[PDB]
Amino acid sequence: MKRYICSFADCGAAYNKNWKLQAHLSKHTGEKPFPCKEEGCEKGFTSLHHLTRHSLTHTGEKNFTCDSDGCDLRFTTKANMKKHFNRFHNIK
DNA sequence: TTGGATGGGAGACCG
DNA sequence: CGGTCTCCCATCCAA
Ligand SMILES: [Zn+2]
Ligand SMILES: [Zn+2]
Ligand SMILES: [Zn+2]
């Protein structure tokens, strides 16, 4: 219930989830608390789990299978699967 | 045009 | 109340 409020008071932004507030604060601070560390791919995520879905790309865990016979295309994320599904089927 | 890939965000799961 | 996870968009990104 205790939404954590954005340091820059006037902004009036508030979120109980720390990750959310980090992602918010990143806009002002430029901070990215969840780095990937990996050489070259030294990415800076502002929230946990977004890092984990990114990790699907390192692990190669392509799995979000379009539920369409024959067109059983496997995508990296549910949203990518949805975009495809929309783009190719749910065009309406 | 397309699916791979990232910042941002409501909601689900767990405690 | 709050981290990890579930689920997703919009956008960026390389093909
Ligand atoms: Zn703010
Ligand atoms: Zn990485
Ligand atoms: Zn399809």
# chains A, B, ... in the order shown; residues from 1 in each chain; ligands from 1
call {"tool": "interface_residues", "arguments": {"of": "chain A", "to": "chain B", "cutoff": "9 Å", "atoms": "only C-alpha atoms (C1' of nucleotides)", "output": "ChimeraX atom specification"}}
result
/A:20,23-24,45-46,50,54,57,75-76,80-81,83-84
call {"tool": "write_last_selection", "arguments": {"atoms": "C-alpha atoms", "output": "CSV table (one decimal), in the first residue's frame"}}
result
chain,number,residue,atom,x,y,z
A,20,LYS,CA,9.0,0.4,-11.0
A,23,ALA,CA,12.6,2.6,-13.9
A,24,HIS,CA,11.0,5.9,-13.1
A,45,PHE,CA,18.3,-2.9,-17.0
A,46,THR,CA,16.3,-0.6,-14.7
A,50,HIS,CA,13.3,-7.8,-17.7
A,54,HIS,CA,16.6,-10.7,-21.9
A,57,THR,CA,18.5,-14.5,-25.7
A,75,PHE,CA,9.3,-16.4,-30.4
A,76,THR,CA,11.6,-15.0,-27.8
A,80,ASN,CA,6.8,-11.0,-29.8
A,81,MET,CA,4.5,-14.0,-30.2
A,83,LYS,CA,2.9,-9.1,-32.3
A,84,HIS,CA,3.3,-11.9,-34.8
call {"tool": "residues_near_ligand", "arguments": {"ligand": "ligand 3", "cutoff": "9 Å", "atoms": "only C-alpha atoms (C1' of nucleotides) and all ligand atoms", "output": "list in words"}}
result
residues 65, 66, 67, 68, 69, 70, 71, 72, 73, 81, 82, 84, 85, 86, 87, 88 and 89 of chain A
call {"tool": "atom_distance", "arguments": {"atom1": "atom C1' of residue 11 of chain C", "atom2": "atom CA of residue 13 of chain A"}}
result
22.2 Å
call {"tool": "select_by_dssp", "arguments": {"residues": "chain A", "states": "alpha helix (DSSP H)", "output": "PyMOL selection string"}}
result
chain A and resi 18-29+50-59+78-88
call {"tool": "closest_atom_pairs", "arguments": {"of": "chain A", "to": "ligand 2", "cutoff": "10 Å", "atoms": "only C-alpha atoms and all ligand atoms", "output": "tab-separated table"}}
result
residue	atom	partner	partner_atom_place_in_ligand_line	distance
A:35	CA	ligand 2	1 (Zn)	8.4
A:36	CA	ligand 2	1 (Zn)	5.0
A:37	CA	ligand 2	1 (Zn)	7.4
A:38	CA	ligand 2	1 (Zn)	6.1
A:39	CA	ligand 2	1 (Zn)	8.5
A:40	CA	ligand 2	1 (Zn)	8.3
A:41	CA	ligand 2	1 (Zn)	4.7
A:42	CA	ligand 2	1 (Zn)	6.4
A:43	CA	ligand 2	1 (Zn)	5.9
A:44	CA	ligand 2	1 (Zn)	8.9
A:45	CA	ligand 2	1 (Zn)	9.6
A:51	CA	ligand 2	1 (Zn)	7.8
A:52	CA	ligand 2	1 (Zn)	9.4
A:54	CA	ligand 2	1 (Zn)	6.6
A:55	CA	ligand 2	1 (Zn)	6.3
A:56	CA	ligand 2	1 (Zn)	9.3
A:57	CA	ligand 2	1 (Zn)	7.6
A:58	CA	ligand 2	1 (Zn)	6.6
A:59	CA	ligand 2	1 (Zn)	9.9
call {"tool": "interface_residues", "arguments": {"of": "chain A", "to": "chain C", "cutoff": "9 Å", "atoms": "only C-alpha atoms (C1' of nucleotides)", "output": "ChimeraX atom specification"}}
result
/A:1-2,16-19,48-49,78-79,82
call {"tool": "write_last_selection", "arguments": {"atoms": "C-alpha atoms", "output": "mmCIF file, in the first residue's frame"}}
result
data_model
loop_
_atom_site.group_PDB
_atom_site.id
_atom_site.type_symbol
_atom_site.label_atom_id
_atom_site.label_comp_id
_atom_site.auth_asym_id
_atom_site.auth_seq_id
_atom_site.Cartn_x
_atom_site.Cartn_y
_atom_site.Cartn_z
ATOM 1 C CA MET A 1 0.000 0.000 0.000
ATOM 2 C CA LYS A 2 2.952 2.320 0.792
ATOM 3 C CA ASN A 16 5.158 0.477 -4.254
ATOM 4 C CA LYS A 17 7.333 -1.768 -6.431
ATOM 5 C CA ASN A 18 10.998 -0.726 -6.055
ATOM 6 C CA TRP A 19 11.794 -1.864 -9.642
ATOM 7 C CA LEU A 48 14.722 -7.286 -12.465
ATOM 8 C CA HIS A 49 13.026 -9.987 -14.558
ATOM 9 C CA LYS A 78 5.095 -13.642 -25.278
ATOM 10 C CA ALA A 79 4.727 -10.098 -26.609
ATOM 11 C CA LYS A 82 1.460 -11.665 -29.781
#
call {"tool": "select_by_dssp", "arguments": {"residues": "chain A", "states": "strand (DSSP E or B)", "output": "PyMOL selection string"}}
result
chain A and resi 4-5+14-15+34-35+44-45+64-65+74-75
call {"tool": "residues_near_ligand", "arguments": {"ligand": "ligand 1", "cutoff": "12 Å", "atoms": "only C-alpha atoms (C1' of nucleotides) and all ligand atoms", "output": "PyMOL selection string"}}
result
chain A and resi 4-15+20-30
call {"tool": "decode", "arguments": {"residues": "segment 11-39 of chain A", "atoms": "C-alpha atoms", "output": "PDB file, in the first residue's frame"}}
result
ATOM      1  CA  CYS A  11       7.189  15.117  -9.868  1.00  0.00           C
ATOM      2  CA  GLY A  12       4.532  13.439  -7.650  1.00  0.00           C
ATOM      3  CA  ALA A  13       5.295   9.978  -9.126  1.00  0.00           C
ATOM      4  CA  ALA A  14       4.923   7.035  -6.712  1.00  0.00           C
ATOM      5  CA  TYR A  15       5.041   3.191  -6.995  1.00  0.00           C
ATOM      6  CA  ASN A  16       5.158   0.477  -4.254  1.00  0.00           C
ATOM      7  CA  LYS A  17       7.333  -1.768  -6.431  1.00  0.00           C
ATOM      8  CA  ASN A  18      10.998  -0.726  -6.055  1.00  0.00           C
ATOM      9  CA  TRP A  19      11.794  -1.864  -9.642  1.00  0.00           C
ATOM     10  CA  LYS A  20       9.030   0.424 -10.953  1.00  0.00           C
ATOM     11  CA  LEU A  21      10.409   3.349  -8.986  1.00  0.00           C
ATOM     12  CA  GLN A  22      13.938   2.529 -10.272  1.00  0.00           C
ATOM     13  CA  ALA A  23      12.649   2.552 -13.863  1.00  0.00           C
ATOM     14  CA  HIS A  24      10.951   5.866 -13.108  1.00  0.00           C
ATOM     15  CA  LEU A  25      14.030   7.410 -11.401  1.00  0.00           C
ATOM     16  CA  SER A  26      16.246   6.236 -14.302  1.00  0.00           C
ATOM     17  CA  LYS A  27      14.598   8.994 -16.407  1.00  0.00           C
ATOM     18  CA  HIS A  28      15.999  11.650 -14.024  1.00  0.00           C
ATOM     19  CA  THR A  29      19.134   9.949 -12.650  1.00  0.00           C
ATOM     20  CA  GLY A  30      20.259   7.872 -15.657  1.00  0.00           C
ATOM     21  CA  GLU A  31      20.820   4.975 -13.183  1.00  0.00           C
ATOM     22  CA  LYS A  32      20.286   1.363 -14.359  1.00  0.00           C
ATOM     23  CA  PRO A  33      20.455  -0.821 -11.168  1.00  0.00           C
ATOM     24  CA  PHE A  34      20.356  -4.254 -12.931  1.00  0.00           C
ATOM     25  CA  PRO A  35      23.410  -4.545 -15.259  1.00  0.00           C
ATOM     26  CA  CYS A  36      23.980  -7.638 -17.461  1.00  0.00           C
ATOM     27  CA  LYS A  37      27.752  -7.509 -16.605  1.00  0.00           C
ATOM     28  CA  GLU A  38      28.686  -9.689 -19.645  1.00  0.00           C
ATOM     29  CA  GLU A  39      31.557  -8.344 -21.776  1.00  0.00           C
TER      30      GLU A  39
END
